[PDB]
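Residue numbers (the deposited numbering), protein chains in the order written: chain F, 1271 to 1396; chain A, 978 to 1026; chain D, 1 to 22, 43 to 62; chain V, 21 to 151, 161 to 463; chain H, 15 to 205, 222 to 460. Input: a single structure, listed below in structure tokens.
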Amino acid sequence: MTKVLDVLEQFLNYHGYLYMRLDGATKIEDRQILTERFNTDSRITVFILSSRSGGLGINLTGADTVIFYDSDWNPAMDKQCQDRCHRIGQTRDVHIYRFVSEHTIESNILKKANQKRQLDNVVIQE
Amino acid sequence: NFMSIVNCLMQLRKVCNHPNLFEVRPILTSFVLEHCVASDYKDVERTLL
Amino acid sequence: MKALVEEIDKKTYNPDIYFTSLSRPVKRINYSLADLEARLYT
Amino acid sequence: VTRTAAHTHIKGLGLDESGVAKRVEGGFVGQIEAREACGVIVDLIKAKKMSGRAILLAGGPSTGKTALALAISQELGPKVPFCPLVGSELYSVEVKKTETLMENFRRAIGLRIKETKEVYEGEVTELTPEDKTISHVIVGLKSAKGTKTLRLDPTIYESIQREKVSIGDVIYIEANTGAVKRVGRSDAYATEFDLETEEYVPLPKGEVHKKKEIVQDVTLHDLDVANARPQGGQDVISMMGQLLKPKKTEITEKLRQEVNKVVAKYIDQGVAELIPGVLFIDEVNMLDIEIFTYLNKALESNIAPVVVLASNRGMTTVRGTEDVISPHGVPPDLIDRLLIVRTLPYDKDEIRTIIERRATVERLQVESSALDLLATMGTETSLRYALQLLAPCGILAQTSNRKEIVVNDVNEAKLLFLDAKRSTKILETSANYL
Amino acid sequence: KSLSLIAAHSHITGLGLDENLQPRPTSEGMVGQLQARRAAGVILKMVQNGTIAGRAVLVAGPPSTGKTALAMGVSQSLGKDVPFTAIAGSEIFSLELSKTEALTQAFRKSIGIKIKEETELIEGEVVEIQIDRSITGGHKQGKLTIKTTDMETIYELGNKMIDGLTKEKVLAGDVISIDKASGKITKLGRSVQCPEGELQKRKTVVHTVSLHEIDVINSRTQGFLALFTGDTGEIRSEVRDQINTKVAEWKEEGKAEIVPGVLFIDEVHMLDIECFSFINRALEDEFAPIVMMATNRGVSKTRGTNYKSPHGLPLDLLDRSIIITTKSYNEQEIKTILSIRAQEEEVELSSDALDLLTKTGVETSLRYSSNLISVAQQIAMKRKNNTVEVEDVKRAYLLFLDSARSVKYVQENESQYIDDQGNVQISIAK
Ligand SMILES: Nc1ncnc2c1ncn2[C@@H]1O[C@H](COP(=O)(O)OP(=O)(O)O)[C@@H](O)[C@H]1O
Ligand SMILES: Nc1ncnc2c1ncn2[C@@H]1O[C@H](COP(=O)(O)OP(=O)(O)O)[C@@H](O)[C@H]1O
Ligand code: BEF
Ligand SMILES: [Mg+2]
Ligand SMILES: [Mg+2]
């Protein structure tokens, strides 16, 4: 959800990181230039994405880490998002970190996916 | 229905990543007591004076 | 008790003037032509 | 990671729905009758029907009396107010002990109240004073979703001008209490100066005027002292008022009666809910005769809550009396109003189980021989001695890099640290009052 | 109103008597103590008479034998609008106030003064309010319309009431009250209520104020605040003399009347000798409320002195006072009292359970049974039966100890408990 992009921006500004954000609100012309700027060598360390805006077909290669806040139904598009960094222009190992809370809906979803080998989840309850 | 459960889990997911549930963190100001027990004696004091 | 903060409309509110307000209901009309012309011409 | 101080191994009484106390449950062993009586008292507290009950539990040292007093409060939950206290605390230099006791009584009983507040925030557009007297000010509060103008009380005008705000500074003002606080300059003026100390904040979300419901809890004594003396306030007048009489003073019964009347009026409308609490006094034998004499009348009050007392003494003289002797140092005219709960010493198996549980909560492993030696020591000198010696054994095991307590470690602990009996034995045969 | 859960004296209300001052065997929660009840009724009629003041009456009896109950019943039968001060003896020992000053304040708090003032006021639903700014023709013109059930007219506002009405926001259609003499504005609500008739009416307001409150008010720049904060701090004597003289003039002029209330002091036996000496003089002055005292102890040592005095009080004070003695309760009275307490607490008791409880109370004490009645009920709803049986009473009796049983157990096991010398044994073996 885009309602957490502002939260992430505020958090990074408070922590003083060199960040830069891309989403559906970003203009079309600036998108390619921003992607090129991040992919090229720079001091930017954190890059903020969106599930549907730029998590589909960009060729980001400078980064080495992927962090997921949430993934409800994730057979392929979350795999697509994590492999967006894992492109042919990458020369370093890819580390993927998933953020899941404890005793929450996401924890039960992950447990049921592990029990059912992560085929398809429609109803989650406990 | 599917819409209702979807909305409920959407609210829960909204909570999980950050307390964005409408995020009303009270400012914890003092109470708003206004009886002012002393004020009831104001008329008595004025009449006595 | 007393309200410390009150909503005020700039063009509407004015400290000079304070005004408040709340068989068939019909007001009283004077039908005297002489009275009406006296009011009009004075 | 976690800190344990002679407690926190107890989570509750651990009784059954029929009131039957399990042999081992909730960090407890034995004392089945005492736990059952305490559960009965808990049910009576939850009933809220009758106020003024007074019970005390009498037993030897290290009999779990304070453990029971903590367990009842744990069972009652954080919602019900609980006021721990010690007998020595009643002697205050500032005010007489009777006032302190009555203040604690008022603190014991709580109250839940719900209220709604009006909140205004946004970016300031103009400051227009309306000017013998301090004139009002018209404020141009502007949010991202709306804009309106408000007239402010001259006290609020003084407060906001003391914040040294200007045009374009985002401020926060509470309509109920008149609190004023400026978060910072609006983000629009961020690039105005290349180097300025003042920080910049984004525009507030939502409209300027907001309302919300809060069910915050306030004790009776809290609002009692709120009516008694002034409290904080951003104006200089509030500072003068709360600096005029800084020392606390005893409260007359007239204010208490008025507080009771207004609380009853509040509860009539259903806005407030009353939740009586429990006052706990430890080492009650330390109190004086006059304190007990006043407590006799205090317990007979209609609003006085239920108070629990604890003492470990036999035939002793009541403090302040040269000849009056009564059990537990409580005068006979008071013990009649009291209900006495006996407590009994533990056994070797109970001591061993207690040590086992204490080791488990301490995240330590003890071998069978070491555990048996600790149990024998506890049965030989005192229960508390093994619990105190537990930590040095862990330290010694850490020094020797072993991960379990052995007989050598506990023997070294015995050699290093002496109990009361060995210390007294040394004292009897000493050179110069060692 | 007057919120209260349960009191040890909640059941008793208004004592009990007849037109001939003959106590009934059971009247309004009072059982037994016929002579004591008749003496209390005599004292109550003395107080209601008001012709005689400054007399001392003492209440004596064994502990838990109708002593505080008698005072509570006397206070309840005396009714409202009559001062009644009930303070424990240990309350006067204040760190910031002298004992003599606290005693004087307690004495002054028990004499109430009624003052009557006549005021004119208008009230009703307000329908129209118009206010204009200053012009050369007129400094301020303001017209308001207050409509009642019977009347609806317009008054003219001469500046000052215009400022008063503009001080607080007032909207048409709400019930307000205006006091012409004081010039203050009172809002009675919104039109929730209904008007009654004429706007202006004649009435008098009566205020009941004690002498102590008058002294505190006249003793400071803002004395009425000290009525609640308790920081009066040794009011000067000339202030009290001036107040007494002014009260005498007011009484002779008919502007006020005095109400000689009652001062009740409990546990007087522990009061200091200086307090008794001061009371000796304070009971012989003009303005002196009736004084009743209750001491449980007998033939003990007066605090502040080495010698032992009978009843714990000096002989001269006893001469200044009249002694009333209460007798120990009997079994047939104890059972009735327990039944009344159970009715007050809404507890159902079986006949055999009641008989066993009465036997236990006779054996040990009345307070023990009056406390066991409530605790047995918790076991009662633990067994989910509304009625309390003998089994529940026996379980409560064994669970919660008595004074005698606890004393006997302490005597048997004095080794485990801490001795007076401080000796104690914690170890089990050896
Ligand atoms: N049934 C029990 N279960 C666990 N610990 C107990 C038990 N009874 C007593 N203790 C321990 O004995 C110690 C002494 O009990 P406490 O009532 O706190 O002080 P004292 O009994 O010396 O006044 C406590 O620290 C408590 O941990
Ligand atoms: N005549 C009575 N009727 C009902 N209850 C009584 C009566 N006399 C005493 N009591 C009970 O005794 C208690 C008061 O004890 P009291 O005799 O005042 O103790 P003390 O003698 O130590 O002052 C009250 O709780 C009341 O329930
Ligand atoms: F063009 Be692809 F699939 F990244
Ligand atoms: Mg203890
Ligand atoms: Mg009594």
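All C-beta atoms in this analysis are idealised placements derived from N, C-alpha and C, irrespective of residue type, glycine included.
{"query": "Within the continuous alpha helix (DSSP H) that includes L64/V, where are the two ends?", "result": "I52 to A67"}
{"query": "At a CB-CB cut-off below 9 Å, which residues of chain F make contact with residue 920/A?", "result": "Outside the shown range of chain A (978 to 1026) lies residue 920/A, about which nothing can therefore be said."}
{"query": "Determine the burial state of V288/V: buried for a count of at least 16 other Cβ atoms within 10 Å of its Cβ, exposed for fewer.", "result": "buried"}
{"query": "Who are the near neighbours of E135/V in its chain, counting only those whose CB is closer than 7 Å to its CB and skipping five residues on each side?", "result": "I243"}
{"query": "Within 6 Å: the Cβ of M44/H and any heavy atom of ligand 2?", "result": "yes"}
{"query": "Using a Cβ-Cβ cut-off of 7 Å (strictly less than) and excluding sequence neighbours within five positions of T163/H, which residues of its own chain qualify?", "result": "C224, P225, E226 and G227"}
{"query": "Find the nearest neighbour of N994/A within the set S1377/F, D1348/F, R1387/F and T1361/F, judged by alpha-carbon distance.", "result": "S1377/F"}
{"query": "Identify, in the order they occur along the chain, each residue of the same chain with its Cβ nearer than 7 Å to the Cβ of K365/H, setting aside the five sequence neighbours on each side.", "result": "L384 and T388"}
{"query": "So for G79/V, helix, strand or coil by DSSP?", "result": "coil"}
{"query": "Of all Cβ atoms in chain A, is any one closer than 7 Å to the Cβ of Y1339/F?", "result": "yes"}
{"query": "Is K414/H near ligand 5, going by C-beta to nearest heavy atom under 6 Å?", "result": "no"}
{"query": "Quick one: list the residues of chain F neighbouring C993/A, beta-carbon separation under 8 Å, in chain order.", "result": "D1340, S1371, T1374, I1375 and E1376"}
{"query": "Going by alpha carbons, who is nearest to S71/V out of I332/V, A415/V and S82/V?", "result": "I332/V"}
{"query": "Less than 7 Å separating the beta-carbons of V73/H and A324/H?", "result": "yes"}
{"query": "I'd like the span of the alpha helix (DSSP H) that includes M86/H, first residue to last.", "result": "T82 to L92"}
{"query": "Measuring from each Cβ to the nearest heavy atom of ligand 3, keep the ones under 7 Å and list them in chain order.", "result": "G1327/F and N1329/F"}
{"query": "Which residue wins for smallest C-alpha separation from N14/D, given the options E119/V, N256/V and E150/V?", "result": "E150/V"}
{"query": "Under three-state DSSP, which class holds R23/V?", "result": "coil"}
{"query": "Whose Cβ in chain F lies nearer than 7 Å to the Cβ of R1002/A?", "result": "Neighbours of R1002/A on chain F: none; closest Cβ ~14 Å, over 7 Å."}
{"query": "Among the candidates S351/H, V56/H and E287/H, whose CA atom is the shortest distance from the CA of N310/H?", "result": "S351/H"}
{"query": "Taking the straight line between their C-alpha atoms, what separation do you get for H299/H and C305/H?", "result": "11 Å"}
{"query": "Which parts of the stretch 290-363 of chain V are runs of the alpha helix (DSSP H), unbroken and 4 residues or longer, counting only runs that do not cross its ends?", "result": "318-328"}
{"query": "Is the shortest distance between the beta-carbon of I247/H and the beta-carbons of chain A less than 7 Å?", "result": "yes"}
{"query": "Can you tell me the Cα-Cα spacing of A116/H and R51/H, whole angstroms?", "result": "31 Å"}
{"query": "Look at the Cβ atom of residue 1248/F, then the Cβ atom of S1321/F, and state whether they are nearer than 7 Å.", "result": "The shown model of chain F, from 1271 to 1396, leaves out residue 1248/F, and the question about it has no answer."}
{"query": "Under 6 Å from any heavy atom of ligand 4, by CB: list those residues in chain order, please.", "result": "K85/V and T86/V"}
{"query": "So, do the stretch 368-384 of chain V and the stretch 78-98 of chain V have three or more beta carbon pairs nearer to each other than 8 Å?", "result": "yes"}
{"query": "Would you check whether ligand 5 has a heavy atom nearer than 6 Å to the C-beta of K424/H?", "result": "no"}
{"query": "Starting from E131/H and walking both ways along the alpha helix (DSSP H), at which residues does that stretch end?", "result": "No alpha helix (DSSP H) holds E131/H; the beta strand (DSSP E) holding it covers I125 to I145."}
{"query": "Tell me where the alpha helix (DSSP H) around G407/V begins and ends.", "result": "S397 to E409"}
{"query": "What do you reckon, are the CB atoms on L1389/F and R1354/F nearer than 7 Å?", "result": "no"}
{"query": "Please identify, using Cβ separations under 9 Å, the residues of the stretch 436-457 of chain V that lie next to chain H, in order along the chain.", "result": "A449 and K450"}
{"query": "I'd like to confirm something about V49/V: is its beta-carbon nearer than 6 Å to some heavy atom of ligand 1, or not?", "result": "yes"}
{"query": "Where does the unbroken beta strand (DSSP E) through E33/H begin, and where does it stop?", "result": "Looking at the DSSP string, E33/H is not in any beta strand (DSSP E), and its letter there is neither H nor E."}
{"query": "Does the beta carbon of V247/V sit closer than 7 Å to a beta carbon anywhere in chain A?", "result": "yes"}
{"query": "Please list, in chain order, the chain H residues whose beta carbon lies closer than 7 Å to that of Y323/V.", "result": "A102, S104 and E105"}
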